[PDB]
Structures are given as structure tokens and as C-alpha cells.
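Have a look at final.cif; it's mmCIF, C-alpha atoms:
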data_model
#
loop_
_atom_site.label_atom_id
_atom_site.label_comp_id
_atom_site.auth_asym_id
_atom_site.auth_seq_id
_atom_site.Cartn_x
_atom_site.Cartn_y
_atom_site.Cartn_z
CA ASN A 1 -27.48 -9.05 2.20
CA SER A 2 -25.99 -5.62 1.49
CA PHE A 3 -22.23 -5.75 0.87
CA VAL A 4 -21.65 -2.10 -0.09
CA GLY A 5 -19.38 0.01 2.08
CA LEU A 6 -18.15 -3.00 4.07
CA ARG A 7 -14.39 -3.22 4.57
CA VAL A 8 -12.92 -6.39 3.06
CA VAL A 9 -9.52 -7.99 2.46
CA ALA A 10 -9.30 -8.97 -1.21
CA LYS A 11 -6.54 -9.69 -3.72
CA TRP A 12 -6.51 -7.82 -7.04
CA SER A 13 -3.75 -9.94 -8.62
CA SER A 14 -3.93 -13.51 -9.91
CA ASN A 15 -0.89 -14.37 -7.74
CA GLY A 16 -0.66 -11.64 -5.11
CA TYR A 17 -1.40 -10.70 -1.54
CA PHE A 18 -4.88 -9.99 -0.15
CA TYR A 19 -4.86 -6.23 0.38
CA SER A 20 -7.34 -4.36 2.57
CA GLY A 21 -10.00 -2.07 1.17
CA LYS A 22 -13.69 -1.22 1.11
CA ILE A 23 -16.47 -2.25 -1.26
CA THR A 24 -17.51 0.76 -3.35
CA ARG A 25 -20.17 -0.99 -5.46
CA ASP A 26 -21.87 -4.38 -5.84
CA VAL A 27 -21.95 -5.51 -9.47
CA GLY A 28 -23.64 -8.59 -10.88
CA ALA A 29 -22.17 -12.08 -11.13
CA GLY A 30 -20.78 -11.69 -7.61
CA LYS A 31 -18.10 -9.30 -8.91
CA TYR A 32 -17.75 -6.40 -6.46
CA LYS A 33 -15.91 -3.16 -7.14
CA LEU A 34 -13.42 -2.51 -4.32
CA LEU A 35 -11.58 0.72 -3.56
CA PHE A 36 -8.44 -0.45 -1.78
CA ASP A 37 -6.82 1.49 1.06
CA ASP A 38 -3.89 2.30 -1.24
CA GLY A 39 -6.22 4.17 -3.61
CA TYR A 40 -6.57 1.49 -6.30
CA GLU A 41 -10.20 0.88 -7.32
CA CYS A 42 -10.93 -2.26 -9.34
CA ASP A 43 -13.39 -5.12 -9.71
CA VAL A 44 -12.73 -8.33 -7.76
CA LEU A 45 -14.56 -11.66 -7.75
CA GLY A 46 -16.32 -12.75 -4.58
CA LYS A 47 -14.00 -15.72 -4.13
CA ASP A 48 -10.99 -13.39 -4.06
CA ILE A 49 -12.76 -11.14 -1.50
CA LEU A 50 -12.66 -11.89 2.23
CA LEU A 51 -15.35 -10.26 4.39
CA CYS A 52 -13.27 -9.39 7.46
CA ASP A 53 -13.60 -5.78 8.62
CA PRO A 54 -11.70 -6.51 11.86
CA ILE A 55 -8.85 -8.83 10.93
CA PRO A 56 -9.58 -12.03 12.90
CA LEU A 57 -7.60 -12.33 16.11
CA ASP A 58 -5.02 -15.13 16.28
CA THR A 59 -4.82 -15.29 12.48
CA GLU A 60 -1.54 -15.66 10.61
CA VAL A 61 -0.87 -12.60 8.45
CA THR A 62 1.99 -11.02 6.51
CA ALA A 63 3.19 -7.77 8.08
CA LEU A 64 4.83 -5.28 5.72
CA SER A 65 7.40 -2.95 7.26
CA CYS A 66 10.57 -1.17 6.24
CA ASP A 67 12.42 -3.20 8.88
CA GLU A 68 12.07 -6.99 8.44
CA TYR A 69 10.50 -6.32 5.00
CA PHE A 70 7.75 -8.93 4.46
CA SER A 71 7.57 -10.63 7.85
CA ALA A 72 5.06 -13.28 8.93
CA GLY A 73 3.21 -12.93 12.21
CA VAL A 74 -0.03 -13.55 14.12
CA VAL A 75 -2.61 -10.98 15.21
CA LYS A 76 -2.63 -10.63 19.01
CA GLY A 77 -4.83 -7.57 19.49
CA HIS A 78 -6.67 -4.70 17.86
CA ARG A 79 -6.65 -0.97 18.60
CA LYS A 80 -8.95 1.58 16.96
CA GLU A 81 -7.75 5.10 17.80
CA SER A 82 -9.43 8.09 16.14
CA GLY A 83 -10.72 5.78 13.42
CA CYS A 84 -7.24 4.44 12.71
CA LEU A 85 -7.25 0.66 13.17
CA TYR A 86 -4.04 -1.10 14.23
CA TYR A 87 -3.33 -4.82 14.52
CA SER A 88 -0.86 -6.23 17.07
CA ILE A 89 1.06 -8.69 14.91
CA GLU A 90 3.35 -11.08 16.79
CA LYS A 91 6.51 -11.73 14.75
CA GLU A 92 9.28 -13.92 16.18
CA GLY A 93 7.65 -13.79 19.60
CA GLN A 94 7.39 -10.00 19.64
CA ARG A 95 4.20 -7.96 19.33
CA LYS A 96 4.28 -4.85 17.13
CA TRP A 97 1.50 -2.49 16.04
CA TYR A 98 0.78 -2.22 12.31
CA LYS A 99 -1.69 0.00 10.47
CA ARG A 100 -4.56 -1.58 8.55
CA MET A 101 -2.80 -1.12 5.20
CA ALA A 102 0.50 -2.38 6.65
CA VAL A 103 -1.04 -5.85 7.23
CA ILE A 104 -1.97 -8.03 4.25
CA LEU A 105 -2.61 -11.75 3.90
CA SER A 106 -0.58 -14.17 1.82
CA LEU A 107 -2.12 -16.51 -0.74
CA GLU A 108 -2.08 -19.43 1.70
CA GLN A 109 -3.55 -17.36 4.54
CA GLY A 110 -6.18 -15.87 2.24
CA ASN A 111 -7.20 -19.32 1.05
CA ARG A 112 -7.33 -20.49 4.67
CA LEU A 113 -9.71 -17.65 5.55
CA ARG A 114 -11.78 -18.03 2.35
CA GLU A 115 -13.55 -21.16 3.61
CA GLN A 116 -15.14 -19.23 6.50
CA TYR A 117 -15.11 -15.59 5.31
CA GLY A 118 -15.46 -15.70 1.54
CA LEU A 119 -17.76 -13.73 -0.77
CA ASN B 1 24.27 1.88 -16.29
CA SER B 2 21.62 -0.51 -14.97
CA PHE B 3 18.53 0.74 -13.16
CA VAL B 4 17.97 -2.53 -11.27
CA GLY B 5 18.09 -2.15 -7.50
CA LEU B 6 17.17 1.55 -7.67
CA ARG B 7 14.15 2.78 -5.72
CA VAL B 8 11.60 4.56 -7.92
CA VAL B 9 8.12 6.05 -7.60
CA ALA B 10 6.05 4.64 -10.48
CA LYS B 11 2.38 4.06 -11.26
CA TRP B 12 1.13 0.61 -12.27
CA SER B 13 -2.36 1.73 -13.37
CA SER B 14 -3.45 3.64 -16.46
CA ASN B 15 -5.18 6.17 -14.16
CA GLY B 16 -3.64 5.72 -10.73
CA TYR B 17 -1.18 7.03 -8.18
CA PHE B 18 2.61 6.75 -8.37
CA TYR B 19 3.43 4.15 -5.72
CA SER B 20 6.93 3.66 -4.35
CA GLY B 21 8.96 0.56 -5.12
CA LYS B 22 12.25 -0.76 -6.44
CA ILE B 23 13.33 -1.93 -9.89
CA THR B 24 13.71 -5.71 -9.70
CA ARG B 25 14.75 -6.11 -13.35
CA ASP B 26 15.39 -4.12 -16.53
CA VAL B 27 13.50 -5.49 -19.53
CA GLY B 28 13.69 -4.33 -23.13
CA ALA B 29 11.72 -1.50 -24.73
CA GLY B 30 12.40 0.66 -21.67
CA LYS B 31 9.90 -1.48 -19.74
CA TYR B 32 11.27 -2.12 -16.25
CA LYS B 33 9.92 -4.74 -13.87
CA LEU B 34 9.21 -3.08 -10.51
CA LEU B 35 8.59 -4.76 -7.16
CA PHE B 36 6.49 -2.25 -5.24
CA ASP B 37 6.72 -1.81 -1.49
CA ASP B 38 3.25 -3.35 -1.16
CA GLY B 39 4.50 -6.61 -2.69
CA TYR B 40 3.00 -6.20 -6.18
CA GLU B 41 5.60 -6.95 -8.86
CA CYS B 42 4.78 -5.95 -12.43
CA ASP B 43 6.23 -4.35 -15.55
CA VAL B 44 6.02 -0.56 -15.89
CA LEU B 45 6.89 1.68 -18.84
CA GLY B 46 9.71 4.19 -18.49
CA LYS B 47 7.32 7.12 -18.83
CA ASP B 48 5.35 5.95 -15.78
CA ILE B 49 8.53 5.46 -13.70
CA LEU B 50 10.03 8.38 -11.78
CA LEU B 51 13.66 7.98 -10.67
CA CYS B 52 13.49 9.50 -7.18
CA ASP B 53 14.96 7.23 -4.50
CA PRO B 54 14.74 10.06 -1.93
CA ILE B 55 11.41 11.80 -2.55
CA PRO B 56 12.37 15.33 -3.69
CA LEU B 57 12.23 17.95 -0.96
CA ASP B 58 9.65 20.72 -1.37
CA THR B 59 7.60 18.61 -3.79
CA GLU B 60 3.82 18.41 -3.56
CA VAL B 61 2.75 14.87 -2.64
CA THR B 62 -0.39 13.05 -1.52
CA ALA B 63 -0.11 11.79 2.06
CA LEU B 64 -2.33 8.77 2.74
CA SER B 65 -3.46 8.45 6.36
CA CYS B 66 -6.33 6.78 8.16
CA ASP B 67 -7.08 10.21 9.61
CA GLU B 68 -7.60 12.88 6.91
CA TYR B 69 -7.72 10.07 4.27
CA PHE B 70 -5.97 11.20 1.03
CA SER B 71 -4.61 14.57 2.10
CA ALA B 72 -2.22 16.73 0.09
CA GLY B 73 0.98 18.30 1.38
CA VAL B 74 4.59 19.25 0.62
CA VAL B 75 7.75 17.45 1.71
CA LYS B 76 9.69 19.53 4.23
CA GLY B 77 12.38 17.07 5.33
CA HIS B 78 13.57 13.49 5.42
CA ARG B 79 14.59 11.15 8.23
CA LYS B 80 16.08 7.68 7.69
CA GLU B 81 16.33 5.70 10.95
CA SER B 82 17.38 2.04 10.91
CA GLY B 83 16.65 1.96 7.18
CA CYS B 84 13.08 3.24 7.60
CA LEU B 85 12.71 6.51 5.68
CA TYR B 86 10.12 9.09 6.73
CA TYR B 87 9.06 12.23 4.86
CA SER B 88 7.88 15.35 6.70
CA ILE B 89 4.75 16.25 4.75
CA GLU B 90 3.33 19.69 5.58
CA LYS B 91 -0.47 19.48 5.46
CA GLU B 92 -2.53 22.57 6.33
CA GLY B 93 0.54 24.26 7.79
CA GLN B 94 1.53 21.31 9.98
CA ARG B 95 4.47 18.96 9.43
CA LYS B 96 3.78 15.26 10.01
CA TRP B 97 6.01 12.23 9.44
CA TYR B 98 4.87 9.64 6.89
CA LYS B 99 6.52 6.36 5.94
CA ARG B 100 7.78 5.85 2.39
CA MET B 101 4.71 3.77 1.50
CA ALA B 102 2.49 6.35 3.23
CA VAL B 103 3.55 9.00 0.67
CA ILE B 104 2.43 8.59 -2.95
CA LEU B 105 2.29 11.07 -5.82
CA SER B 106 -0.88 12.05 -7.64
CA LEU B 107 -1.21 12.00 -11.43
CA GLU B 108 -0.50 15.73 -11.80
CA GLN B 109 2.15 15.69 -9.06
CA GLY B 110 3.92 12.73 -10.64
CA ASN B 111 3.73 14.27 -14.10
CA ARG B 112 5.28 17.51 -12.83
CA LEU B 113 8.40 15.50 -11.93
CA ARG B 114 8.50 13.51 -15.19
CA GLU B 115 10.32 16.28 -17.06
CA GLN B 116 13.19 16.13 -14.54
CA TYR B 117 13.12 12.56 -13.17
CA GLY B 118 11.54 10.30 -15.78
CA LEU B 119 12.77 7.01 -17.22
#

Translate the structure of the given file into C-alpha cells.
Amino acid sequence: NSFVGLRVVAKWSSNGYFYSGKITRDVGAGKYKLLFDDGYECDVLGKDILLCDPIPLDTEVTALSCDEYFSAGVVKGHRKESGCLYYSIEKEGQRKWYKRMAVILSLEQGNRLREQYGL
Amino acid sequence: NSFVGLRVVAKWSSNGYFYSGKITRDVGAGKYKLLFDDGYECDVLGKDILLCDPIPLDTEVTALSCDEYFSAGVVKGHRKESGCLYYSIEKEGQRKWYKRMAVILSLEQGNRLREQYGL
């Protein structure tokens, strides 16, 4: 049951989005240190951490982009190119590719995925 | 007079990068509430906030990319298309376009700009 170095989607704020990152260390009491893709390293409780290296397909997510700001869409495909992972988020009936860090889950979506994928 | 609604590059961690965002509110004691482009809204001290809506040209920055991870480069141009702003970061003698959220300043790089652009 090694959970070190596994990419996970976890929230680091009491009321915030579930941002993507990777587990850098497994501390006691189920509190894992996560280095997030944006460079912020901090400790997060297992409940707040979702063990989803590939974002599940056909899962509602929040896509962050300069255009449309914080849109809501559904994953409709994955594409790993030269290590870079992209998710095909369908917003308003239109599929667009978003980087791993450009896709984060809302509180409701994170809670929905916690039941199945939750540390 | 007011700094609210002005894009700024500020750090929200004691030892962290200067992430881009926008001032959502001006609170007392020079402590401004910033909504960052990643959706994290929190209060930041004026020292940690850099007033640079367009990232300064010919300024050393840290480009975050899936490939090359946290590379370092220098801005060599800007391009705003349909609101989306891209910076031409020159890494290893090669100019590559990065989104606004894809470019963040390091501790030393951000400090170097504090003397000029610092709240």
C-alpha cells in the first residue's frame, strides 16, 4: 500500500478546489505531504486527497482558462504527449484540450469522487 | 487610487512562488485580498504583492511546463489574443509561449522586482 510518488487530486484549502499534484511523502495519521503541480508543497489529509492519476473519463470537472474563466465541463478523452497529459473537457457541447494543471475539481465534484477514490 | 481590479503577481506562501492573480478587495493595513488565477482567494501583504499586470519584458521568470518541469527563462515578448495573454519566455536560447498562469516568479526573481513594483 505504497502511496508515495503517485499523482493525486487534492485540495489544500478548507473551502477550495481540488488541485492536481503528486505525493512527495507519506506521513502518519493518514496525512500525506503533496507537492502540487503549481509548486506548492504542503500536508493534506487523506480525505481531502483523491487518488486519480488519470482523471476519470466522463467526470464533471472545472476547467480553468483565460477565456470562459472558470467553466464547468466533462472529460471526454485523454492524451499523453511527451509526458504532458491533456484532458478533453466538454464545455457547452464543445470539446477542448486542457493541461493537467488547467483542470481542477470543485468541492461538489471532489466530494462526489471521494466516495470511490479517497485516501 | 484603489488597487482593486488590478492584476498582480503575488505569493501566498511564506516560502513560495509569486503566482499571478487579481486584487478582489483592498483591506486595511496594506493587506489586499487577491483572487489568484487558480481560484484560490486569500489575503496577501503589500510586500508580497508585485504590481505588474503585464509581466515586465526582459525579466527573469520561472516557466512551469509539463516538459522541462520548472525551467527558468527571460520574457522576450507578449501576445494578448482574445483576452488570453502569453509571454515569450526564452529558455536555453529558445523562445516559447507560456500562458499567464504558466509563468510564475521565483523568490529571488520576485524580490528583484519588489524595489520597483511592490505594494

Once 8 Å is added on each side, what are the centre and the three edge lengths, in Å to one decimal, of the axis-aligned box enclosing the listed atoms of stretch 20-39 of chain B? Present them as lines of an AutoDock Vina configuration file.
center_x = 9.3
center_y = -1.5
center_z = -12.9
size_x = 28.1
size_y = 26.3
size_z = 39.6

Interface rows for chain B against chain A: nearest pair, Å to one decimal, 12 Å, all atoms listed in the file, as JSON lines:
{"residue": "B:11", "atom": "CA", "partner": "A:40", "partner_atom": "CA", "distance": 10.6}
{"residue": "B:12", "atom": "CA", "partner": "A:40", "partner_atom": "CA", "distance": 9.8}
{"residue": "B:13", "atom": "CA", "partner": "A:40", "partner_atom": "CA", "distance": 8.2}
{"residue": "B:14", "atom": "CA", "partner": "A:40", "partner_atom": "CA", "distance": 10.8}
{"residue": "B:15", "atom": "CA", "partner": "A:40", "partner_atom": "CA", "distance": 9.3}
{"residue": "B:16", "atom": "CA", "partner": "A:40", "partner_atom": "CA", "distance": 6.8}
{"residue": "B:17", "atom": "CA", "partner": "A:39", "partner_atom": "CA", "distance": 7.4}
{"residue": "B:18", "atom": "CA", "partner": "A:39", "partner_atom": "CA", "distance": 10.4}
{"residue": "B:19", "atom": "CA", "partner": "A:38", "partner_atom": "CA", "distance": 8.8}
{"residue": "B:20", "atom": "CA", "partner": "A:38", "partner_atom": "CA", "distance": 11.3}
{"residue": "B:21", "atom": "CA", "partner": "A:66", "partner_atom": "CA", "distance": 11.6}
{"residue": "B:35", "atom": "CA", "partner": "A:16", "partner_atom": "CA", "distance": 11.7}
{"residue": "B:36", "atom": "CA", "partner": "A:64", "partner_atom": "CA", "distance": 11.5}
{"residue": "B:37", "atom": "CA", "partner": "A:64", "partner_atom": "CA", "distance": 8.2}
{"residue": "B:38", "atom": "CA", "partner": "A:64", "partner_atom": "CA", "distance": 7.3}
{"residue": "B:39", "atom": "CA", "partner": "A:17", "partner_atom": "CA", "distance": 7.3}
{"residue": "B:40", "atom": "CA", "partner": "A:16", "partner_atom": "CA", "distance": 6.6}
{"residue": "B:41", "atom": "CA", "partner": "A:16", "partner_atom": "CA", "distance": 8.7}
{"residue": "B:42", "atom": "CA", "partner": "A:13", "partner_atom": "CA", "distance": 10.2}
{"residue": "B:62", "atom": "CA", "partner": "A:39", "partner_atom": "CA", "distance": 10.8}
{"residue": "B:63", "atom": "CA", "partner": "A:38", "partner_atom": "CA", "distance": 10.7}
{"residue": "B:64", "atom": "CA", "partner": "A:38", "partner_atom": "CA", "distance": 7.8}
{"residue": "B:65", "atom": "CA", "partner": "A:84", "partner_atom": "CA", "distance": 8.4}
{"residue": "B:66", "atom": "CA", "partner": "A:84", "partner_atom": "CA", "distance": 5.2}
{"residue": "B:67", "atom": "CA", "partner": "A:84", "partner_atom": "CA", "distance": 6.6}
{"residue": "B:68", "atom": "CA", "partner": "A:83", "partner_atom": "CA", "distance": 10.1}
{"residue": "B:69", "atom": "CA", "partner": "A:37", "partner_atom": "CA", "distance": 9.2}
{"residue": "B:70", "atom": "CA", "partner": "A:39", "partner_atom": "CA", "distance": 8.4}
{"residue": "B:71", "atom": "CA", "partner": "A:39", "partner_atom": "CA", "distance": 12.0}
{"residue": "B:80", "atom": "CA", "partner": "A:66", "partner_atom": "CA", "distance": 10.5}
{"residue": "B:81", "atom": "CA", "partner": "A:67", "partner_atom": "CA", "distance": 9.9}
{"residue": "B:82", "atom": "CA", "partner": "A:67", "partner_atom": "CA", "distance": 7.5}
{"residue": "B:83", "atom": "CA", "partner": "A:67", "partner_atom": "CA", "distance": 6.9}
{"residue": "B:84", "atom": "CA", "partner": "A:66", "partner_atom": "CA", "distance": 5.3}
{"residue": "B:85", "atom": "CA", "partner": "A:66", "partner_atom": "CA", "distance": 8.0}
{"residue": "B:86", "atom": "CA", "partner": "A:66", "partner_atom": "CA", "distance": 10.3}
{"residue": "B:99", "atom": "CA", "partner": "A:66", "partner_atom": "CA", "distance": 8.6}
{"residue": "B:100", "atom": "CA", "partner": "A:66", "partner_atom": "CA", "distance": 8.5}
{"residue": "B:101", "atom": "CA", "partner": "A:66", "partner_atom": "CA", "distance": 9.0}
{"residue": "B:102", "atom": "CA", "partner": "A:38", "partner_atom": "CA", "distance": 8.8}
{"residue": "B:103", "atom": "CA", "partner": "A:38", "partner_atom": "CA", "distance": 10.2}
{"residue": "B:104", "atom": "CA", "partner": "A:38", "partner_atom": "CA", "distance": 9.1}
{"residue": "B:105", "atom": "CA", "partner": "A:39", "partner_atom": "CA", "distance": 11.2}
{"residue": "B:106", "atom": "CA", "partner": "A:39", "partner_atom": "CA", "distance": 10.3}

I'd like the neighbourhood of residue A:50 as a list in words, where a residue qualifies if any of its atoms comes within 7 Å (using only C-alpha atoms), though same-chain residues fewer than 4 positions away should be ignored. residues 8, 9, 10, 114, 117, 118 and 119 of chain A

Nearest to residue B:61, restricted to all atoms listed in the file and choosing among B:109, B:2, B:116, B:24, comes out as B:109

Mind fitting chain B onto chain A over all Cα atoms in sequence order and sending the result as a PDB file with C-alpha atoms, in the coordinates of the input?
ATOM      1  CA  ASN B   1     -28.250  -7.468   2.213  1.00  0.00           C
ATOM      2  CA  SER B   2     -25.803  -5.249   0.326  1.00  0.00           C
ATOM      3  CA  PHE B   3     -22.051  -5.601   0.755  1.00  0.00           C
ATOM      4  CA  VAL B   4     -21.309  -2.010  -0.309  1.00  0.00           C
ATOM      5  CA  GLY B   5     -19.576   0.044   2.365  1.00  0.00           C
ATOM      6  CA  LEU B   6     -18.154  -3.059   4.072  1.00  0.00           C
ATOM      7  CA  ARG B   7     -14.401  -3.297   4.612  1.00  0.00           C
ATOM      8  CA  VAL B   8     -12.889  -6.443   3.086  1.00  0.00           C
ATOM      9  CA  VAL B   9      -9.452  -7.963   2.533  1.00  0.00           C
ATOM     10  CA  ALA B  10      -9.282  -8.995  -1.138  1.00  0.00           C
ATOM     11  CA  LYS B  11      -6.591  -9.632  -3.739  1.00  0.00           C
ATOM     12  CA  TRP B  12      -6.645  -7.806  -7.077  1.00  0.00           C
ATOM     13  CA  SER B  13      -3.933  -9.919  -8.759  1.00  0.00           C
ATOM     14  CA  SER B  14      -4.073 -13.475 -10.071  1.00  0.00           C
ATOM     15  CA  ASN B  15      -1.021 -14.286  -7.901  1.00  0.00           C
ATOM     16  CA  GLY B  16      -0.831 -11.570  -5.269  1.00  0.00           C
ATOM     17  CA  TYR B  17      -1.511 -10.601  -1.682  1.00  0.00           C
ATOM     18  CA  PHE B  18      -4.923  -9.881  -0.161  1.00  0.00           C
ATOM     19  CA  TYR B  19      -4.889  -6.110   0.323  1.00  0.00           C
ATOM     20  CA  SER B  20      -7.362  -4.313   2.564  1.00  0.00           C
ATOM     21  CA  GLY B  21     -10.066  -2.070   1.158  1.00  0.00           C
ATOM     22  CA  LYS B  22     -13.775  -1.329   1.091  1.00  0.00           C
ATOM     23  CA  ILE B  23     -16.545  -2.381  -1.288  1.00  0.00           C
ATOM     24  CA  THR B  24     -17.506   0.708  -3.289  1.00  0.00           C
ATOM     25  CA  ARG B  25     -20.188  -1.067  -5.345  1.00  0.00           C
ATOM     26  CA  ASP B  26     -21.847  -4.456  -5.839  1.00  0.00           C
ATOM     27  CA  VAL B  27     -21.881  -5.563  -9.475  1.00  0.00           C
ATOM     28  CA  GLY B  28     -23.507  -8.646 -10.955  1.00  0.00           C
ATOM     29  CA  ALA B  29     -22.015 -12.135 -11.185  1.00  0.00           C
ATOM     30  CA  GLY B  30     -20.757 -11.797  -7.607  1.00  0.00           C
ATOM     31  CA  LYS B  31     -18.106  -9.369  -8.885  1.00  0.00           C
ATOM     32  CA  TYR B  32     -17.778  -6.498  -6.412  1.00  0.00           C
ATOM     33  CA  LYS B  33     -16.001  -3.234  -7.148  1.00  0.00           C
ATOM     34  CA  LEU B  34     -13.499  -2.554  -4.350  1.00  0.00           C
ATOM     35  CA  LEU B  35     -11.718   0.704  -3.551  1.00  0.00           C
ATOM     36  CA  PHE B  36      -8.528  -0.387  -1.810  1.00  0.00           C
ATOM     37  CA  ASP B  37      -6.888   1.627   0.940  1.00  0.00           C
ATOM     38  CA  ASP B  38      -4.034   2.446  -1.448  1.00  0.00           C
ATOM     39  CA  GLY B  39      -6.452   4.216  -3.805  1.00  0.00           C
ATOM     40  CA  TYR B  40      -6.712   1.500  -6.480  1.00  0.00           C
ATOM     41  CA  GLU B  41     -10.352   0.850  -7.390  1.00  0.00           C
ATOM     42  CA  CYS B  42     -11.123  -2.257  -9.431  1.00  0.00           C
ATOM     43  CA  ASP B  43     -13.528  -5.176  -9.737  1.00  0.00           C
ATOM     44  CA  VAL B  44     -12.781  -8.337  -7.743  1.00  0.00           C
ATOM     45  CA  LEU B  45     -14.484 -11.739  -7.829  1.00  0.00           C
ATOM     46  CA  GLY B  46     -16.273 -12.992  -4.730  1.00  0.00           C
ATOM     47  CA  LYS B  47     -13.810 -15.849  -4.303  1.00  0.00           C
ATOM     48  CA  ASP B  48     -10.907 -13.389  -4.027  1.00  0.00           C
ATOM     49  CA  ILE B  49     -12.772 -11.207  -1.490  1.00  0.00           C
ATOM     50  CA  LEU B  50     -12.610 -12.023   2.221  1.00  0.00           C
ATOM     51  CA  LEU B  51     -15.299 -10.434   4.414  1.00  0.00           C
ATOM     52  CA  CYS B  52     -13.230  -9.478   7.467  1.00  0.00           C
ATOM     53  CA  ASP B  53     -13.678  -5.836   8.483  1.00  0.00           C
ATOM     54  CA  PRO B  54     -11.745  -6.464  11.728  1.00  0.00           C
ATOM     55  CA  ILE B  55      -8.829  -8.731  10.804  1.00  0.00           C
ATOM     56  CA  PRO B  56      -9.516 -11.994  12.692  1.00  0.00           C
ATOM     57  CA  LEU B  57      -7.617 -12.348  15.949  1.00  0.00           C
ATOM     58  CA  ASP B  58      -5.053 -15.156  16.144  1.00  0.00           C
ATOM     59  CA  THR B  59      -4.819 -15.362  12.348  1.00  0.00           C
ATOM     60  CA  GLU B  60      -1.488 -15.687  10.565  1.00  0.00           C
ATOM     61  CA  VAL B  61      -0.811 -12.570   8.478  1.00  0.00           C
ATOM     62  CA  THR B  62       2.074 -10.994   6.577  1.00  0.00           C
ATOM     63  CA  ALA B  63       3.266  -7.768   8.208  1.00  0.00           C
ATOM     64  CA  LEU B  64       4.923  -5.389   5.737  1.00  0.00           C
ATOM     65  CA  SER B  65       7.530  -3.094   7.293  1.00  0.00           C
ATOM     66  CA  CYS B  66      10.529  -1.169   6.042  1.00  0.00           C
ATOM     67  CA  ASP B  67      12.510  -3.036   8.691  1.00  0.00           C
ATOM     68  CA  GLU B  68      12.207  -6.843   8.361  1.00  0.00           C
ATOM     69  CA  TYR B  69      10.538  -6.329   4.921  1.00  0.00           C
ATOM     70  CA  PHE B  70       7.728  -8.911   4.396  1.00  0.00           C
ATOM     71  CA  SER B  71       7.700 -10.621   7.777  1.00  0.00           C
ATOM     72  CA  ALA B  72       5.110 -13.132   8.963  1.00  0.00           C
ATOM     73  CA  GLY B  73       3.252 -13.019  12.266  1.00  0.00           C
ATOM     74  CA  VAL B  74      -0.037 -13.627  14.089  1.00  0.00           C
ATOM     75  CA  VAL B  75      -2.598 -11.051  15.192  1.00  0.00           C
ATOM     76  CA  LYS B  76      -2.695 -10.778  18.981  1.00  0.00           C
ATOM     77  CA  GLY B  77      -4.973  -7.765  19.464  1.00  0.00           C
ATOM     78  CA  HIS B  78      -6.642  -4.759  17.909  1.00  0.00           C
ATOM     79  CA  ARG B  79      -6.655  -1.057  18.748  1.00  0.00           C
ATOM     80  CA  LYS B  80      -8.857   1.525  17.004  1.00  0.00           C
ATOM     81  CA  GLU B  81      -7.926   5.102  17.980  1.00  0.00           C
ATOM     82  CA  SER B  82      -9.551   8.066  16.227  1.00  0.00           C
ATOM     83  CA  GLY B  83     -10.681   5.705  13.469  1.00  0.00           C
ATOM     84  CA  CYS B  84      -7.159   4.394  12.808  1.00  0.00           C
ATOM     85  CA  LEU B  85      -7.113   0.632  13.409  1.00  0.00           C
ATOM     86  CA  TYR B  86      -3.893  -1.130  14.408  1.00  0.00           C
ATOM     87  CA  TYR B  87      -3.253  -4.875  14.631  1.00  0.00           C
ATOM     88  CA  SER B  88      -0.777  -6.334  17.132  1.00  0.00           C
ATOM     89  CA  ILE B  89       1.183  -8.743  14.951  1.00  0.00           C
ATOM     90  CA  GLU B  90       3.455 -11.111  16.893  1.00  0.00           C
ATOM     91  CA  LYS B  91       6.638 -11.647  14.873  1.00  0.00           C
ATOM     92  CA  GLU B  92       9.413 -13.826  16.322  1.00  0.00           C
ATOM     93  CA  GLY B  93       7.770 -13.722  19.742  1.00  0.00           C
ATOM     94  CA  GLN B  94       7.376  -9.937  19.804  1.00  0.00           C
ATOM     95  CA  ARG B  95       4.132  -7.986  19.429  1.00  0.00           C
ATOM     96  CA  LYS B  96       4.292  -4.894  17.212  1.00  0.00           C
ATOM     97  CA  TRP B  97       1.521  -2.548  16.071  1.00  0.00           C
ATOM     98  CA  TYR B  98       0.817  -2.316  12.335  1.00  0.00           C
ATOM     99  CA  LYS B  99      -1.678  -0.108  10.524  1.00  0.00           C
ATOM    100  CA  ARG B 100      -4.524  -1.699   8.569  1.00  0.00           C
ATOM    101  CA  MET B 101      -2.688  -1.152   5.271  1.00  0.00           C
ATOM    102  CA  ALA B 102       0.530  -2.434   6.877  1.00  0.00           C
ATOM    103  CA  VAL B 103      -1.076  -5.879   7.378  1.00  0.00           C
ATOM    104  CA  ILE B 104      -1.881  -7.981   4.303  1.00  0.00           C
ATOM    105  CA  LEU B 105      -2.628 -11.684   3.931  1.00  0.00           C
ATOM    106  CA  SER B 106      -0.557 -14.081   1.862  1.00  0.00           C
ATOM    107  CA  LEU B 107      -2.055 -16.436  -0.724  1.00  0.00           C
ATOM    108  CA  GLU B 108      -2.127 -19.418   1.654  1.00  0.00           C
ATOM    109  CA  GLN B 109      -3.140 -17.262   4.629  1.00  0.00           C
ATOM    110  CA  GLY B 110      -5.972 -15.669   2.672  1.00  0.00           C
ATOM    111  CA  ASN B 111      -7.132 -19.020   1.331  1.00  0.00           C
ATOM    112  CA  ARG B 112      -7.256 -20.476   4.849  1.00  0.00           C
ATOM    113  CA  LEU B 113      -9.912 -17.862   5.685  1.00  0.00           C
ATOM    114  CA  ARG B 114     -11.904 -18.326   2.458  1.00  0.00           C
ATOM    115  CA  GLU B 115     -13.819 -21.313   3.832  1.00  0.00           C
ATOM    116  CA  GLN B 116     -15.146 -19.171   6.707  1.00  0.00           C
ATOM    117  CA  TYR B 117     -15.127 -15.590   5.365  1.00  0.00           C
ATOM    118  CA  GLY B 118     -15.417 -15.721   1.582  1.00  0.00           C
ATOM    119  CA  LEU B 119     -17.781 -13.876  -0.746  1.00  0.00           C
TER     120      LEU B 119
END

Given only C-alpha atoms as the counted atoms, nearest of A:47, A:7, A:25, A:76 to residue A:98: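 Once distances to residue A:98 are computed over only C-alpha atoms, the minimum belongs to A:76.
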
Pairwise distance for atom CA of residue A:28 and atom CA of residue A:54, rounded to one decimal in Å: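 Between these atoms lies a distance of 25.8 Å.
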
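Across the structure, atom CA of residue B:107 and atom CA of residue B:90 are spaced 19.2 Å apart.
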
Taking the file as shown, what set of residues would the PyMOL selection byres ((chain B and resi 31) around 8) give back, as a PyMOL selection string? chain B and resi 26-30+32-33+43-46
